[PDB]
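So you know, we letter chains A, B, ... as the sequences are listed, proteins then strands, and number each from 1.
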Amino acid sequence: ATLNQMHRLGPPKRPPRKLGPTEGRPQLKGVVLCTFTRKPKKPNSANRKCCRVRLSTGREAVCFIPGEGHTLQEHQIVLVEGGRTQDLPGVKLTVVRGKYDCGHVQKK
Amino acid sequence: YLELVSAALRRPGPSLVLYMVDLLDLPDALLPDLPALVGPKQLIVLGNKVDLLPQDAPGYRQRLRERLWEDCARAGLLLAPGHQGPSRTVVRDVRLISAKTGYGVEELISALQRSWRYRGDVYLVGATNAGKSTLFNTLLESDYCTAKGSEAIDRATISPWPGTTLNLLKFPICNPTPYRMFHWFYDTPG
Amino acid sequence: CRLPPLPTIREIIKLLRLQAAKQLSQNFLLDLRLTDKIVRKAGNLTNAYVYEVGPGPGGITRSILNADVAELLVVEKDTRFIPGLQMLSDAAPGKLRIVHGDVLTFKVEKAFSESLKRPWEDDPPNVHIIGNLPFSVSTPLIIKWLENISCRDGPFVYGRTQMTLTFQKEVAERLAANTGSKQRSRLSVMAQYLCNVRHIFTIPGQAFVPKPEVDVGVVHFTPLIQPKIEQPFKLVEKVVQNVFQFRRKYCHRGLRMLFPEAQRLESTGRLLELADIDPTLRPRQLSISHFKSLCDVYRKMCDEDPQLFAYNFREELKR
RNA sequence: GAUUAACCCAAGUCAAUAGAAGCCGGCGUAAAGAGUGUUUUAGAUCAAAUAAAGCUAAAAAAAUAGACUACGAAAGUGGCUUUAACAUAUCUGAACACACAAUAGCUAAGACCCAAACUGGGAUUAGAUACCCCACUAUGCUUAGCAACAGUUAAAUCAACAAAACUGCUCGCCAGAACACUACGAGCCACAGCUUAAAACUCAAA
RNA sequence: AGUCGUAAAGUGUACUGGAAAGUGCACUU
Ligand SMILES: [Mg+2]
Ligand SMILES: [Mg+2]
Ligand SMILES: [Mg+2]
Ligand SMILES: [Mg+2]
Ligand SMILES: [Mg+2]
Ligand SMILES: [Mg+2]
Ligand SMILES: [Mg+2]
């Protein structure tokens, strides 16, 4: 582009950055509605532990529960953070272990 | 109305009624009384003031059209939309318009100038606040009218209603297109 | 039930004495698996009487016999395949009844017993037709059988017999086309006011051993209890043909040709006005109700004018 | 996963989130430059055409010349005569101005020799010829309507492939798949069908 | 997926009811 064209158009204008599942917040509080398991996309095979939660913003979302063994039931309060579960499509939220009802993974 | 205007509107021949109903003011208590008011002739229900309605959800217009259809159904009105085949009051169409913004008026004109059965005189019936006068002014200044001059004073004429002294406006209209390949407008008291 | 193995294309070339693979002038479906699919889509054939047309090598025959049919009537035109079908009959005694003759003239109405004849308004009468014929023969056949449904004769003396026929993909689409679709044509209306027509699935050309340059559709017909036009078949055929002769022009441009020139202008208008057809409707936008209206008014016009129904405008343009 | 050992930082560590952090790069094939001419506030330095009348020879449209390459802005123009007649003394600059031009698809009327999808009829194997013959439609006809410009060949020319690379100057255009997918709906229709979309979303590719 | 089987010519567009593709119109080598 010529100097006149760049003067006309002006400085480049970066589009506003996209808000993620947490809407630009570190963590979010949520209420568990139901627990289930999902199957990974296939270079891999497993039964990943997931749960649907209603967030404080009112939106519902599927979250992955890390670690071996969880005791989450319906109506329990959890704190969920960002981070994609790479093998589960559409699962962008992860439950924080050791906060509210979701306890730490039992040793061994 | 029943003792003065219904006589002319129950003269046999080719005729059409553009019944106008205010969308905000529903249910219409005048709707069940149409069979006696106008008689057993073709009727198009026009929901006016649709632009003034908040859009509660997508497709609210279809819900309003349906609601008008069941409101016609509850009364003893025959619902015969679209092609029917080779009497009592028959509702041909339910069309949402807004005379102020001219939303749906042009499509109304196109619908009126596309069918065999919409032949003859048009009688714009309605209630007082339905908004009849705005629609009359809108339709008056359009290709729908057979204009001989531009000024709206001469284009529309005043005539006394038959059998009475009620002077009302009227402008002459065109026959629908099928009647050239191989009639007056009327506003009635609200 | 053990049956002989399917003949490979080598044995088929040897059997037809061509000695080469590029001279068949015919495409065979030698995939018993797709034929299993077709026979599955034909419905539940358990203890059914199947009239199978265009047997050929016998993939469809083997698939049907694999289902527990009662009698399987086979009608083959070629005599080089009767040996294979006789071996099939011997392998499955009592079920395969082979016949030699043309399907366009064979009389199915006497083939099966008269204890299978159900009434027209009741369920389909346990008698099925399955067919993988040359596309040069399936179109005349379906026209003939549509006339038979209109007259309630022929294969439909047993009632509402269901048909499963293979057509070309375009022809199948047109047979099962909806109003306004780009495939809506004469064949759509002619099939659809007499039958429930369903284009189930398409078999690509690469699945046939000599691969054709076309796809193949499978279409299922079920005669309708109440036909959507109660007129003679030839009258409806004439009306539909004259409507669809000009597919891209308004419907009146095609409907004016039903009448002599002398009364063309007035008679066409009278037809349209006693019907309620908006003359700006193009032929693909006409439902079967519009054709019912036109057919009723045209039957009237013929009944108060004897000469009209035989009129052909090209026979008048010759002079 | 546990355990051993190692590594980094350390009264911290680092999981999530949000910032800091980026257009003087390109537009033949990857995203991105041609239908033609004129004009236009500014910016730059580079100050055998066409339309009319007439007329025709072989068999309405024009063999030879034409191995010619002219005229015209482009599309296009090549039978003869006559009459008008072929803008402009710098360049760039239009979706919105004026002229043209072509390409689809429908709408009205009109002509119809000839040809001809469809539609009928005749003949043919042993699923005949899809293919031959006859007849006749739509249509083919006639109206009226809907990268530029100036200079360089000096350099290592030179991702490849095309079409040897270059500068200067200006306009338009380009910032993953994605000219993705999808009908919440809208119009026509009038119970069951047709036409009409962007965005999210997802992925580490394309 | 195998505990499955086997060895002149083109490009568009329109119509196609004797459509395993055909014909019509315009183009390309
Ligand atoms: Mg801390
Ligand atoms: Mg490109
Ligand atoms: Mg210029
Ligand atoms: Mg001819
Ligand atoms: Mg430019
Ligand atoms: Mg054909
Ligand atoms: Mg072709």
Side-chain angles (χ1 to χ4, degrees), chain A residues 1-6 11-12 14 17-18 20 22-28 41 68 79-83 89-90 92-94 96-97 105 107-108, chain B residues 57-62 79-84 93 107 111 181, chain C residues 5-6 8-10 21 24-28 30-33 54 56 77-79 102-104 133-143 166-171 174 177-182 184-187 190 205 208-216 237 241-242 244-250 253-254 257 280 282 284-285 287 289 312-318:
Chain A
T2 73
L3 291 171
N4 296 346
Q5 293 179 319
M6 272 165 60
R14 60 202 82 206
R17 294 179 66 188
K18 291 174 71 175
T22 57
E23 293 83 4
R25 296 164 73 170
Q27 298 97 18
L28 268 168
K41 71 206 181 53
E68 65 200 341
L79 194 73
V80 297
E81 60 185 0
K92 305 289 187 181
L93 288 174
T94 304
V96 177
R97 285 285 209 160
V105 181
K107 278 76 69 176
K108 290 187 282 188
Chain B
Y60 74 117
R61 276 176 254 131
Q62 181 60 256
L79 309 182
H83 174 274
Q84 294 297 109
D93 204 10
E107 292 84 314
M181 308 186 320
Chain C
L6 195 45
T8 69
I9 193 66
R10 185 179 67 189
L24 289 155
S25 287
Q26 209 157 30
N27 304 111
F28 312 95
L30 298 184
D31 189 74
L32 188 153
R33 178 167 276 185
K77 214 199 177 204
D78 206 285
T79 180
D102 196 314
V103 291
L104 292 162
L133 281 159
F135 301 154
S136 159
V137 180
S138 53
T139 306
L141 198 56
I142 195 68
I143 295 304
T166 69
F167 289 88
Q168 187 177 329
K169 184 263 287 180
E170 288 80 0
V171 177
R174 297 166 79 92
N178 299 306
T179 306
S181 289
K182 64 177 75 68
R184 182 76 157 179
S185 197
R186 302 172 51 201
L187 193 60
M190 284 324 273
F208 296 83
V209 168
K211 294 176 195 196
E213 299 178 328
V214 294
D215 289 354
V216 181
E237 182 180 64
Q241 195 272 325
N242 280 272
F244 275 106
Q245 66 185 124
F246 310 123
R247 193 137 164 281
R248 312 168 67 72
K249 294 170 153 44
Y250 292 151
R253 285 284 184 264
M257 299 287 200
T280 58
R282 287 149 188 284
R284 308 191 290 106
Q285 307 179 326
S287 54
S289 55
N312 192 356
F313 76 98
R314 303 189 185 184
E315 293 179 353
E316 195 207 316
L317 291 166
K318 187 175 173 49

Peer 1: Mind checking if C:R174 touches a base, just sugar-phosphate, or nothing, with heavy atoms under 4.0 Å?
Peer 2: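 Touches a base.
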
Peer 1: With the side chain of C:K249 defined as its heavy atoms from C-beta on, choose the nearest nucleotide among E:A14, D:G127, D:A138.
Peer 2: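 Minimum distance to the C:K249 side chain belongs to D:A138.
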
Peer 1: Return the nearest nucleotide to the side chain of B:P58; candidates are D:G185, E:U16, D:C118.
Peer 2: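 So the side chain of B:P58 is nearest to D:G185.
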
Peer 1: Mind telling me whether D:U69 is syn or anti, cutoff 90° either side of 0?
Peer 2: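 You should classify D:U69 as syn.
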
Peer 1: At under 4.0 Å, does any side-chain N or O of C:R186 touch on OP1 or OP2 of D:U119?
Peer 2: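 It does, given that an N or O in the side chain of C:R186 lies less than 4.0 Å from OP1 or OP2 of D:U119.
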
Peer 1: Rounded to whole angstroms, how far apart are OH on C:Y250 and P on D:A109?
Peer 2: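 Distance check: C:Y250 OH to D:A109 P gives 11 Å.
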
Peer 1: Report the distance from atom CD of A:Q5 to atom P of D:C27, rounded to the nearest whole Å.
Peer 2: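 The distance from CD of A:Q5 to P of D:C27 comes to 14 Å, rounded to the nearest Å.
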
Peer 1: When you compare the six-membered rings of D:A104 and D:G105, are they both close enough (centres under 5.5 Å) and flat enough to each other (planes under 30°) to count as stacked?
Peer 2: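 Flagged as stacked, both criteria satisfied.
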
Peer 1: For C:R253, answer base if it contacts any base atom (sugar-phosphate contacts may also be present), sugar-phosphate if it contacts only those atoms, and nothing otherwise; contact means non-hydrogen atoms under 4.0 Å.
Peer 2: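 Sugar-phosphate contact only.
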
Peer 1: Pick base, sugar-phosphate or nothing for C:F135, based on heavy-atom distances below 4.0 Å to the nucleic acid.
Peer 2: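 The answer is base, as C:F135 lies within the cut-off (heavy atoms under 4.0 Å) of a base atom.
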
Peer 1: Report yes or no: does C:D215 contribute a side-chain atom to a donor-acceptor pair with the main-chain N or O of C:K169 at less than 3.5 Å?
Peer 2: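 Checked: no pair found.
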
Peer 1: With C1'-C2'-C3'-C4' as the criterion (positive north, negative south), name the sugar pucker of D:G22.
Peer 2: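 South (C2'-endo side).
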
Peer 1: So, taking the atom named CZ in C:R186 and the one named CZ in C:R247, what distance separates them when rounded to the nearest 0.5 Å?
Peer 2: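 So the gap between those two atoms works out to 12.0 Å.
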
Peer 1: Within the 4.0 Å heavy-atom criterion, would you say B:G82 contacts the bases, only the backbone, or no part of the nucleic acid?
Peer 2: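 Base contact.
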
Peer 1: Of all the choices, D:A15, E:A19, E:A21, which nucleotide is nearest to the side chain of C:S136 once you look at every atom?
Peer 2: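 Selected nucleotide: E:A19.
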
Peer 1: Is C:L104 touching bases, backbone alone, or none of the nucleic acid, heavy atoms closer than 4.0 Å?
Peer 2: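 If one applies the 4.0 Å heavy-atom cut-off, C:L104 turns out to touch a base.
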
Peer 1: Quick one: which of E:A20, D:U170, E:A19 gets closest to the side chain of C:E170?
Peer 2: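 Among E:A20, D:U170, E:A19, the one nearest the side chain of C:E170 is E:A19.
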
Peer 1: Just how far is it from atom CD1 of C:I143 to atom CE of C:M190, taken to the nearest 0.5 Å?
Peer 2: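 Between atom CD1 of C:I143 and atom CE of C:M190 there are 6.5 Å.
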
Peer 1: Return whichever of C:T139 or C:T166 has its heavy-atom-nearest nucleotide of RNA chain E closer to the 5' end.
Peer 2: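 Its nearest nucleotide being more 5', the pick is C:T139.
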
Peer 1: If you check the B:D93 side chain, which of D:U137, E:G17, D:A190 turns out closest?
Peer 2: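 For B:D93, the side-chain atoms sit closest to D:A190.
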
